[PDB]
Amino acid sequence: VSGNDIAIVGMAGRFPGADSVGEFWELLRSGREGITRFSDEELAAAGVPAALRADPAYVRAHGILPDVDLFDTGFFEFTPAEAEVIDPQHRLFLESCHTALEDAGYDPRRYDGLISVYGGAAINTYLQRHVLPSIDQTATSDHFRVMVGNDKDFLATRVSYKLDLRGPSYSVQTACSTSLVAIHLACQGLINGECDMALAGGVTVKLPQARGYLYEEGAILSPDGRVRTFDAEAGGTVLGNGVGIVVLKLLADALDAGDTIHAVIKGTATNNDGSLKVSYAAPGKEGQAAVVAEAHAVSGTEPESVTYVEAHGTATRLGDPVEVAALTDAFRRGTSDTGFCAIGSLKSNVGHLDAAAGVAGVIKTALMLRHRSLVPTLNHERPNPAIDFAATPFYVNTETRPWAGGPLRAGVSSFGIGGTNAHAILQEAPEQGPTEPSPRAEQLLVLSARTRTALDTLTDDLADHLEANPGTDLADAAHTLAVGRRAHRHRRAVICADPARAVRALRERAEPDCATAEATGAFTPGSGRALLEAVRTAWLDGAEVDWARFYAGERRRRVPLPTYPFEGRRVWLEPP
């Protein structure tokens, strides 16, 4: 019932070793590491000097993303000369915001409400390494061009401009807690009625990607390129590039709209440690415990009911104990029970994603809730002896297994250098009844893209999806493809009764089940198969169809389906 409850109605991201939220789930539930480890030859080839590579403390590991130089300038209406000055972090952020809205099933141009954007980016390496050496900043307009392309202030607002979002749009920046803070601020804006839907998250793309790092005692990075969270041999973390976006709405609104709800954010808290700690970069035990206890209080969730925590996970021998002690302190304010809450960290799989780390935590946890599954934390052989886990609420889960009990509830932590701490409580989505039966025997599935090759990719992606998710309601899918996707020039449409037949029709591409065309004015039908055929023919010929009116009265849902397969060209200023 609660006015504080926020639904996650869509998500998107790209992570080391996992180029989509769906692939991230597969990585996690398989217990796989997504960090790349380079050969010495690869690093020579990327230009790392032999002298640095030969240092026995040099570690050949980094979490990287494929294709961060490719950008679909056609799709986003940029010329290549405009786009090449823009930080790839900003480009990736834009693509992921678009993807997330598609995942949620919304076309902003048809949404009756205000959409906000809250996000942040890691430090910009593109500006120095690529932009400055190539662009003369003498004229005011060239200096402006560079600033707008590269300063963090333009990250979120570019998305608002390009996707036509008219709620508040902010870049928020708090170092490693950035994307969870963005989610906190997005939730407050929703609760306090400033927007009706929000995009929140963050991005990190540090360049060059193909590079290791020099192990240094006293700095936060691990000596072997592994992240051994909670383990006796915890020795530091490994950095990774990534991006994540969540789409958020009040729970009541999501339920009324028939959105897919992946999880509910019950509540979120933030604070700062102030000066209570040994240095600016050190963790703050009292600040951490206070943020968790405050998150419990504002969520109305008793600690006994929380049975997974996604830790911040410094994976240091000294930091992991502070994190667990702070958590233990917060939980002990509401229970004396022990051994009931699993604790884990996706950093063990993919590294520390900096600005994207908080939203990555929320995405993992929402996936866990949706699949009702715990997953392993990696590299965990012996628990850190400084943590008497058995005296605490917590145990380290190292197997994929069911998450049983609920409603299931979890905590997510994100703590920054500088001491602004965040904690969120998530709860499993509520049971909804079955979807309403369709008044038609068959459904019309519409697909469109800017190019014939993208259309073919969409067509095969949708087939793989309906194969893999055979229980998908076809009427809800059809509705989502109609109301939740912009209509482009190259068009294909299938008429069939269920997902299995759709797979075949999409793969075979023959009439009369499948029809194709490269695209007049509005078409409004004046029943049965002929109804679907007449709408199909008009739409394929480029008529504008009012899908909202076609589905009027059915209470269709929006459901996650494959999203636009961006076709980038290389958009990069080369280093000299």
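Just count from 1 along the sequence shown to find any residue number.
- In the deposited sequence, the stretch from residue 430 to residue 431 has no residues without coordinates, so the chain runs on without a break.
- Gap between residue 56 and residue 57: none; every deposited residue in this span has coordinates.
- Between 61-69 and 506-514, the higher mean Cα B-factor belongs to 506-514.
- Taking the mean C-alpha B-factor of each stretch as recorded, 369-377 and 435-443 are not equal, and the higher mean is that of 435-443.
- Highest C-alpha temperature factor among 283, 393, 344, 120, as the PDB entry reports it: 283.
- By the numbers in the PDB entry, the CA B factor is greatest at 460 among 304, 231, 460, 151.
- Per the PDB record, residue ranking by Cα B-factor puts residue 465 in the middle third of the chain.
- The deposited CA B-factor of residue 107 belongs to the middle third of values across its chain.
- Placement of the Cα temperature factor of residue 556 within the chain: middle third of the modelled residues, per the deposited record.
- Compared with the other modelled residues of the chain, the Cα B-factor recorded for residue 201 ranks in the lowest third.
- Annotation for residue 562: C-alpha temperature factor in the middle third relative to the rest of the modelled chain, per the entry.
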